[PDB]
């Protein structure tokens, strides 16, 4: 079966379309492509990233996945995250996190199950917290209902 990818412009083949650019250090470039013509490059030297809002169903399991690599050895990580608050008194911030520190193309995925009620709109974050000179490439991001 072909399962719908909920991520808009998931392979950056439409450049930066549908991705919020938080630090102005994102570019869609050939060298960052694992698939197709383009991938996302997040420039090194400081923490930077981007993301998009993706409304999710309650009490539902999702696959979150991505291909990523640093072009040189990072100090920290690049993280692919689905994050949202719970509707509780503590405003609990839930994060489903894939950590990447690899210097070769690497695919990782996780599965998570959403709560009964959301406290905020789920956000898919591509967060390169690493502050080394290493550039980060990411491509073919997936968010898929099971």
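Positions refer to the first chain, counted from 1.
Mean CA B-factor, 93-101 versus 111-119: the higher value falls on 111-119. Stretches 136-144 and 2-10 differ in mean CA B factor, with 2-10 having the higher one. You'll see in the entry that, of 28, 82, 86, 66, the Cα B factor peaks at 86.
Residue-level inspection of the entry shows that, of 58, 36, 43, 49, 58 has the top Cα B-factor.
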